[PDB]
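Below you'll find the structure, written out as structure tokens, and then a few comments.
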Amino acid sequence: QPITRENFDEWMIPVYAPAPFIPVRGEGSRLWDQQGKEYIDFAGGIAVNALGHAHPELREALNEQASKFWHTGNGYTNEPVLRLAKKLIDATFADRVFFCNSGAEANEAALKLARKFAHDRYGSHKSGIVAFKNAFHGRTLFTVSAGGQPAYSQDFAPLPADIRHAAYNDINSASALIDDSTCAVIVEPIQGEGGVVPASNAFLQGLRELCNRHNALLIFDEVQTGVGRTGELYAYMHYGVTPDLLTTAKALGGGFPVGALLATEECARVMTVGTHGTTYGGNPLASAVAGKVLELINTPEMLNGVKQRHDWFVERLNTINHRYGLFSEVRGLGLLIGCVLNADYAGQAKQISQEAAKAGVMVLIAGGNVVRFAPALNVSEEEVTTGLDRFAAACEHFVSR
Amino acid sequence: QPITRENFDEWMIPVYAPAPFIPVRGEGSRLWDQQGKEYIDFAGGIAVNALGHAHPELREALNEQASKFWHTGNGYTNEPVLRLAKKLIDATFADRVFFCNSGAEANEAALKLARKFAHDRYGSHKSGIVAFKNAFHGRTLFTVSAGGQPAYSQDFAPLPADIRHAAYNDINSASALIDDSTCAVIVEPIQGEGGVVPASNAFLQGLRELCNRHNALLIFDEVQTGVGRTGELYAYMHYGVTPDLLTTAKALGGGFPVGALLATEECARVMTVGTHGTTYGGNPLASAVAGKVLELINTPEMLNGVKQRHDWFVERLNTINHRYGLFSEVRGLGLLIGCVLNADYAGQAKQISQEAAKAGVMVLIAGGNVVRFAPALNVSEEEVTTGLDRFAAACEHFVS
Ligand SMILES: *Cc1c(COP(=O)(O)O)cnc(C)c1O
Ligand SMILES: *Cc1c(COP(=O)(O)O)cnc(C)c1O
Ligand SMILES: [Mg+2]
Ligand SMILES: [Mg+2]
Ligand code: NA
Ligand code: NA
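Chains as they are written, first to last, in the UniProt record's numbering: chain A, 3 to 403; chain B, 3 to 402.
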């Protein structure tokens with residue numbers, strides 16, 4: 003059965019325009035297409051493949067649970083999901099956990115819980131959600147209404163009401179929207195899709211005190227920043243500000259579809275029998291893989307390793323920048339890194355990313371003006387250097403093209 | 003340390019009260035708990051495990067793709083997901099496919115599409131969704147609002163507006179709510195959670211005619227009825243009524259998390275670049291497993307074997323009933339079957355399910371009044387008979 007890139011244009015609902023080449027296998031941070039062409043993968047599954055492609059221990063954990071059973075639905079619990087839940091509890095501020103299949107699902111759960119909590123303790127009039135312009139929280143109607151790209155919601159109106167958007171990093175802007183009718187504030191600790199913008203420490207403490215004063219739940223959407231991405235297990239640990247609810251997905255599963263809502267006891271108590279659920283969520287196959295991911299990522303050597311790899315990327319992006327004058331700045335934390343184009347190259351991140359693919363390196367964008375790097379947290383130093391040589395070659399061609 | 007059932011009550015957010023025992027491995031339609039106790043599984047992963055537990059070809063397909071790569075995200079397509087798309091297109095009214103990770107994400111995609119379609123062609127104001135009381139379409143705010151059980155949506159208001167609910171199987175009920183302002187009519191061909199109640203043929207044909215007259219998209223939610231469950235690949239084929247959009251998940255991936263929206267070319271055209279998305283949807287791992295599920299399920303022999311199995315359950319359930327006087331009726335289609343409790347035992351489905359489980363057979367409920375069977379499509383004759391023996395012994399303990 004022959005499969006060609008032109009078949010994509012015929013068979014898929016056309017919401018993505020993907021690369022002209024089709025990957026068939028990978029290993030660590032290398033990936034190969036149907037013709038044998040090789041790419042260093044700095045796109046990292048969009049900050050999902052925290053341990054790279056075809057990781058041998060993730061494969062062994064997959065196969066070992068797959069040969070026992072995969073799924074029953076949540077009428078029956080299972081050992082891997084319980085052990086996963088306990089790892090998450092032991093490692094974070096959480097007392098309890100809910101599992102689902104994607105970051106949007108995790109965010110739906112955290113916003114539902116915040117609505118119910120407010121309604122049960124104060125009255126059903128306390129429904130307001132404050133989110134931030136340029137945030138990304140998912141594609142379901144509710145989560146795309148919470149995110150701050152109105153282009154991604156207007157077509158699907160009427161939207162769920164009582165949501166409004168403050169400017170990121172702007173505490174007065176947030177303060178104007180949060181009041182005693184607010185149930186939740188949802189914020190990414192780094193706006194990933196929004197250009198790799200880190201929140202400042204004052205901004206997050208400011209949301210924590212505003213949530214305290216007005217009794218609203220503070221929700222950190224760590225679906226991109228989570229699971230080692232920043233050099234700590236979760237970003238809130240880097241920042242020292244503790245949320246009431248934390249969502250996690252993407253790198254949680256190292257590539258297997260999984261996500262989770264982390265909650266304090268007080269918040270968890272609110273969600274009684276039958277008030278929420280999911281058919282696939284919490285199956286033992288997901289749970290056995292995520293379990294293994296946490297075991298391999300949440301170690302001092304791997305997390306310090308992410309701080310080390312940060313500097314490899316940044317020192318070398320600086321020398322590339324010295325040669326080609328492309329970027330006003332390089333920002334981010336750990337291995338979520340954005341290269342901000344300057345005025346002479348404004349809105350050209352995607353063209354750079356396409357040249358980079360031609361030169362055999364996968365990178366992402368973050369809005370049209372930022373080139374994004376989200377490589378595997380175990381990428382090797384050889385893979386970082388060879389991928390950046392290719393990125394530097396692609397920048398050279400670009401600077402004439 | 004060792005995991006206990008009690009840990010479940012300390013660590014999980016308490017949305018489910020799961021069984022007292024904890025499964026640890028299974029094969030076909032048998033499953034075993036941590037103490038070695040054996041169950042015949044007629045729950046079938048809530049109509050998900052169409053091939054049973056730990057299926058060796060599903061395993062082989064999983065491990066073979068897992069040794070190439072699992073995931074890139076949708077900036078790059080892959081061969082498994084394109085092959086799976088083609089299988090679905092060749093086998094259904096669909097021309098194009100979107101992939102996601104759950105039946106709710108599938109229904110989100112479908113309702114979004116019908117919104118944009120109507121908006122783009124008619125205007126901002128044509129936004130109405132008609133759904134049916136007792137429907138279940140998932141747990142995202144939008145899908146749980148489309149669902150017809152207000153008890154699962156109320157707490158999370160305000161709910162997305164322009165949604166209304168008609169009485170299932172009631173053509174004039176639906177006709178009253180569907181006008182030129184309706185963008186979509188979503189409906190399950192058999193209501194699963196709402197008691198294993200099949201649509202009638204005139205009801206579906208009637209929704210199709212009304213959708214056509216008022217230019218609204220007809221969405222079939224086949225996440226429970228689809229992929230072989232009724233004895234045809236999709237229940238629409240059984241009824242002979244073709245939707246514009248169809249959603250599928252659960253049995254799609256035989257236990258691996260996957261879902262999909264099937265669309266006609268005209269409908270697919272409205273979703274341009276960046277208008278919807280998913281990080282994990284269409285990954286090659288789910289795609290490889292779901293491809294192999296379709297290969298094994300969509301065969302004359304598996305599907306005719308589902309018709310046969312229907313008659314094994316119904317004939318023996320009628321025999322059990324004749325003996326114990328529990329139910330007023332055994333209904334459903336294929337291997338989605340509900341035993342409706344009589345007046346005397348009304349509201350007791352869960353107690354009969356708990357008794358079943360003590361006797362070594364897993365069954366589900368569908369509302370407090372129906373006992374629901376949704377076993378693997380390849381359940382063997384011997385599994386049906388041993389599980390139904392243990393169901394008989396459970397009905398006997400229960401009836402007293
Ligand atoms: C990608 C992402 C989501 C949504 O994830 P899916 O798994 O695509 O549903 C939510 N939040 C953030 C911060 C993300 O980067
Ligand atoms: C279970 C189910 C859904 C929701 O699927 P999830 O994978 O649980 O999100 C939607 N529709 C029907 C008919 C279902 O049975
Ligand atoms: Mg309540
Ligand atoms: Mg448009
Ligand atoms: Na904790
Ligand atoms: Na077709």
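Using N, Cα and C, we set each Cβ at its ideal position, and we do this for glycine too.
- Per DSSP, A:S330 is not a residue of any alpha helix (DSSP H); the beta strand (DSSP E) it occupies stretches across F329 to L335.
- Under the three-state reduction of DSSP, B:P25 is assigned to strand.
- Interface criterion not met: the Cβ of B:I299 is under 8 Å from no Cβ in chain A.
- Closest in alpha carbon position to B:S177, among B:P200, B:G149, B:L209 and B:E107, is B:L209.
- Per DSSP, B:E195 lies in no beta strand (DSSP E) segment and is marked neither H nor E.
- Spanning the alpha carbons of A:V363 and A:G54 requires a straight line of approximately 15 Å.
- At a cut-off of 8 Å between beta-carbon atoms, B:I221 makes no contact with chain A.
- The way I'd put it, the segment 278-286 of chain B does touch the segment 67-87 of chain B; three or more beta-carbon pairs between them come closer than 8 Å.
- For A:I42, the enclosing beta strand (DSSP E) has its first and last residue at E40 to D43.
- At a cut-off of 8 Å between beta-carbon atoms, B:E357 makes no contact with chain A.
- The Cβ atoms of B:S289 and B:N80 lie closer than 8 Å to each other.
- Secondary structure at A:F258: coil, using DSSP grouped into helix, strand and coil.
- For A:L390, the uninterrupted alpha helix (DSSP H) run begins and ends at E383 to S402, by DSSP.
- Collapsing the DSSP output to three states places B:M239 in a helix.
- In the DSSP assignment, B:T321 falls within the alpha helix (DSSP H) that extends over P302 to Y326.
- Within 7 Å of the C-beta of B:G230 there is not a single heavy atom belonging to ligand 2.
- Shown here for B:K128: same chain residues with a beta carbon closer than 6 Å to its own, the five before and five after excluded, namely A120, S183 and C185 in chain order.
- Taken in chain order, the whole alpha helix (DSSP H) runs of length 4 or more contained in the segment 93-165 of chain A are 105-123 and 143-148.
- Annotation for B:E357: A396, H399 and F400 place their beta carbon closer than 6 Å to its own, counting only its chain and skipping 5 residues before and after.
- As far as DSSP is concerned, A:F71 takes part in no beta bridge.
- In the assembly as shown, B:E331 is an exposed residue. Its beta-carbon has fewer than 16 other beta-carbons within 10 Å.
- Annotation for B:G284: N76, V83 and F101 place their beta carbon closer than 7 Å to its own, counting only its chain and skipping 5 residues before and after.
- Summarising the contact set, residues whose Cβ lies nearer than 7 Å to any heavy atom of ligand 5 are, in chain order, A:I91, A:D92, A:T94, A:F95, A:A96 and A:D97.
- Excluding five sequence positions before and after B:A111, the CB atoms of its chain that fall closer than 8 Å to its own CB belong to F100, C102, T249, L263 and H278, given in chain order.
- Around the Cβ of A:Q67, a 10 Å sphere holds 16 or more other Cβ atoms; the residue is buried.
- Around the beta carbon of B:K352, fewer than 16 other beta carbons sit within 10 angstroms, so the residue counts as exposed.
- A:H139 counts as buried, since at least 16 other C-beta atoms from the protein chains shown sit within 10 angstroms of its C-beta.
- Cβ-Cβ separation between B:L379 and B:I299: approximately 6 Å, consistent with a contact (criterion under 8 Å).
- DSSP places B:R231 outside both helix and strand once states are collapsed to three, so it counts as coil.
- Across the segment 238-251 of chain B, CB contacts with chain A closer than 9 Å involve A251, in sequence order along the chain.
- Non-local beta-carbon contacts of A:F222 in its own chain, meaning distances under 6 Å to residues more than five positions away in sequence, involve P191, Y238, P245 and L248 in chain order.
- By DSSP's assignment, A:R32 forms a beta bridge with A:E29 and A:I42.
- With a cut-off of 7 Å, the C-beta of A:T274 is classified as near ligand 3, since at least one heavy atom of the ligand falls inside that distance.
- Residues of chain B whose Cβ lies closer than 7 Å to the Cβ of A:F144 are, in chain order, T142, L143 and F144.
- Annotation for A:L64: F258, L287, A290 and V291 place their beta carbon closer than 8 Å to its own, counting only its chain and skipping 5 residues before and after.
- In this structure A:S355 touches A:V373 by the C-beta definition: roughly 6 Å separates them, less than 8 Å.
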